[PDB]
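Beneath this line is the structure, given in C-alpha cells, with notes to follow.
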Amino acid sequence: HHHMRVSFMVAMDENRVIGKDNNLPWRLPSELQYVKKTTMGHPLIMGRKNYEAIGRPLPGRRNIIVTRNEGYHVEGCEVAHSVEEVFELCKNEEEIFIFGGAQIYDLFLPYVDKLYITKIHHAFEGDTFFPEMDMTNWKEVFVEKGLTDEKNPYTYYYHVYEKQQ
Ligand SMILES: NC(=O)c1ccc[n+]([C@@H]2O[C@H](COP(=O)([O-])OP(=O)(O)OC[C@H]3O[C@@H](n4cnc5c(N)ncnc54)[C@H](OP(=O)(O)O)[C@@H]3O)[C@@H](O)[C@H]2O)c1
Ligand SMILES: CCc1nc(N)nc(N)c1C#CCc1cc(OC)cc(-c2ccccc2)c1
C-alpha cells in the first residue's frame, strides 16, 4: 500500500542497547557524521521522546515527530500520530528513515525494507533496546569498520541489510 522505502537508522551495542536515561550511552562523533551523510535530504521519523532529547529540527530534512498527543506542535517540524499518517505525509518520498527510539522502531517494524545498523562492540549499561529481528530473507549489502581513535573510543561497524522481496 505504501511506496516509499522504509529504512531503519540505528546504532546499538552487543546487547541491543540504544539508550540510557533518555539519552545515548556513548559518544561517537564519526558515527554521527555517517548518520548525517546517509540521511541528508530524506525525511527523519522520530518518536516524541527521541525528538525532545535532540531538542531542535535537524537541517535539510523533513522532521516528523510521532506522538499520540493531538495538540502537539513544534516549529519547523511535522507531526504524525500513527504509521498511516506518516505514510500519508511521505506518500511521494522515495525513502524515509525511522530514526528511533525503541517504541517507534517497534511501531514501524512490520514495514521495514532496509536496515542501516551500526553495531558497537561494547556492552553498555542501558534501559532502552532495539527490538529483536528475524533476518530470514535479508541480505547484508554493506559492511565497513568505523573509525576508532581518541575521539571515538569504541570498536564499531556499519552494516546495511536489505529485505529480499
Ligand atoms: N542509539 C540509537 O540509534 C538511538 C536512536 C533513537 C533513540 N535512542 C534512544 O532511545 C531512547 C528513546 O526511546 P523511547 O522508546 O523511550 O522513545 P521514542 O520511541 O523515541 O518515543 C516514544 C514516544 O513516541 C510516541 N509513540 C509511541 N507509540 C506511539 C503510537 N503507537 N502512536 C503514536 N505515537 C506513539 C509517544 O509519544 P507521546 O508520549 O507524546 O504520546 C511515546 O511517548 C532515548 O534514550 C534515545 O536517546 C537511541
Ligand atoms: C548518533 C547515534 C545514532 N546512530 C545511528 N546509526 N542511528 C541513530 N538513529 C542514531 C541516533 C540517535 C538519537 C539522537 C540523540 C541526540 O541527542 C540525544 C542527538 C541526535 C542527533 C544530533 C545531531 C544530528 C543528528 C542526530 C540523535
Side-chain angles (χ1 to χ4, degrees), residues 6-74 76-90 95-112 114-133 142-148 151-161:
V6 174
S7 298
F8 277 23
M9 170 64 63
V10 68
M12 78 177 192
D13 86 358
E14 67 176 44
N15 305 131
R16 310 182 87 80
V17 174
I18 64 167
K20 180 202 179 186
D21 297 328
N22 204 40
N23 212 334
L24 297 173
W26 53 81
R27 198 252 190 181
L28 295 163
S30 183
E31 207 279 325
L32 188 71
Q33 284 299 309
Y34 169 90
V35 168
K36 299 188 185 188
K37 150 190 165 61
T38 308
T39 62
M40 59 174 58
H42 289 97
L44 289 181
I45 313 309
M46 49 207 148
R48 194 266 299 166
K49 292 206 195 178
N50 184 22
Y51 175 78
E52 287 184 346
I54 296 169
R56 71 197 192 280
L58 302 184
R61 274 154 304 207
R62 288 178 76 185
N63 292 61
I64 295 166
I65 312 166
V66 184
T67 177
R68 290 187 184 92
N69 195 335
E70 301 281 345
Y72 194 87
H73 295 90
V74 177
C77 283
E78 293 168 81
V79 181
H81 312 87
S82 62
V83 169
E84 296 285 6
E85 191 175 348
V86 170
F87 289 168
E88 178 67 11
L89 290 167
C90 296
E95 188 174 10
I96 67 172
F97 291 89
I98 313 301
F99 204 59
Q103 291 186 232
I104 260 59
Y105 292 134
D106 279 319
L107 246 195
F108 283 91
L109 190 59
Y111 313 95
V112 60
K114 198 167 177 176
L115 179 62
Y116 305 71
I117 184 153
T118 301
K119 294 175 184 191
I120 306 171
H121 292 205
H122 187 268
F124 299 86
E125 294 295 330
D127 49 50
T128 309
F129 300 83
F130 185 70
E132 301 280 349
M133 284 182 68
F142 182 77
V143 60
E144 185 182 288
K145 202 172 174 303
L147 177 65
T148 298
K151 309 226 178 298
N152 301 273
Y154 312 96
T155 296
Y156 60 105
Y157 288 75
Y158 305 110
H159 303 258
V160 185
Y161 302 89

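Atoms within a ligand are numbered from 1 in the order they appear, just like the ligands themselves. In this chain, numbering begins with 1 at the start of the sequence shown.
Among residue pairs with one or both ends in residues 52-73, those qualifying as salt bridge (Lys or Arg N to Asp or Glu O under 4.0 Å) are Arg48-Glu52, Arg62-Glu78, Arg62-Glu93; sequence neighbours excluded.
Distances between N or O atoms of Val35 and those of ligand 2 include no value under 3.5 Å. Ligand 2 has no nitrogen or oxygen under 3.5 angstrom from a nitrogen or oxygen of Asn23.
Using bins of under 30°, 30° to 60° and over 60° for the plane-to-plane angle, the ring pair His122/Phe124 lands in the tilted bin. Using a 30° and 60° split on the angle between ring planes, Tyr158 and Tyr156 fall in the perpendicular class, above 60°. Ring-plane geometry between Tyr111 and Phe87 is classed as perpendicular, the angle between the planes exceeding 60 degrees on a 0 to 90 degree scale with a lower cut at 30.
Here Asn50 has side-chain heavy atoms under 4.0 Å from ligand 2, and that is the only part of it that gets that close. Counting heavy atoms under 4.0 Å from ligand 2, residue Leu58 touches it through the side chain alone.
Note that CD1 of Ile96 is 14.0 Å distant from NZ of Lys114, once rounded to the nearest 0.5 Å.
Which parts of ligand 2 touch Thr118 is read off a 4.0 Å heavy-atom cut-off, strictly below it: atoms 6 (N). Against a heavy-atom cut-off of under 4.0 Å, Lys36 is close to the following atoms of ligand 2: 24 (C). Ligand-side atoms of ligand 2 in range of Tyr105: 9 (N), range being under 4.0 angstrom from any heavy atom.
Looking at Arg27, its side chain never comes within 3.5 Å of a backbone N or O of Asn152 through a donor-acceptor pair. Of the possible polar contacts, one joining the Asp127 side chain to the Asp21 backbone as a donor-acceptor pair under 3.5 Å is found. Panel note: side chain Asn50, backbone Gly100; a donor-acceptor pair is recorded below 3.5 Å. Panel note: side chain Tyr116, backbone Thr38; no donor-acceptor pair is recorded below 3.5 Å.
Heavy atoms of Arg61 come nearer than 4.0 angstrom to ligand 2 in no pair at all. Not a single heavy atom of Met46 sits under 4.0 Å from any atom of ligand 2.
Distance from atom 11 (C) of ligand 2 to its nearest protein heavy atom, with residue and atom name: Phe99 CZ, 4.2 Å. Among protein heavy atoms, the minimum distance from atom 8 (C) of ligand 2 is reached at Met9 O, 3.7 Å.
Looking at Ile117 and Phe8, their side chains never come closer than 4.5 Å, going by heavy atoms from C-beta outward.
Within 4.0 Å of ligand 1, the residues that place a heavy atom are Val10, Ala11, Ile18, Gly19, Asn22, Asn23, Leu24, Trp26, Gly47, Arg48, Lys49, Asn50, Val66, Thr67, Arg68, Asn69, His81, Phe99, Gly100, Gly101, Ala102, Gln103, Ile104, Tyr105, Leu107, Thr128, listed by chain and number.
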Inset, instruction - Apply ring pair (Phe, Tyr, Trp, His ring centres under 6.0 Å) to the pair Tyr157 and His121, showing each step before the final yes or no. - result: CA-CA 8 Å; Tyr157 288 75; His121 292 205; 5.1 Å; yes
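There is a protein heavy atom closer than 4.0 angstrom to atom 26 (C) of ligand 2.
The closest non-hydrogen atom to atom 6 (N) of ligand 2, taken over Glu31, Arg56, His159, comes from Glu31. When the options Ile54, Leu32, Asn22 are ranked by their closest heavy atom to atom 19 (C) of ligand 2, first place goes to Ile54.
Not a single ring pair (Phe, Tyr, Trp, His ring centres under 6.0 Å) links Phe99 to another residue, sequence neighbours left out. For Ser82, the side-chain contact (heavy atoms from CB on, under 4.5 Å) test picks out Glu84, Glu85, with sequence neighbours left out.
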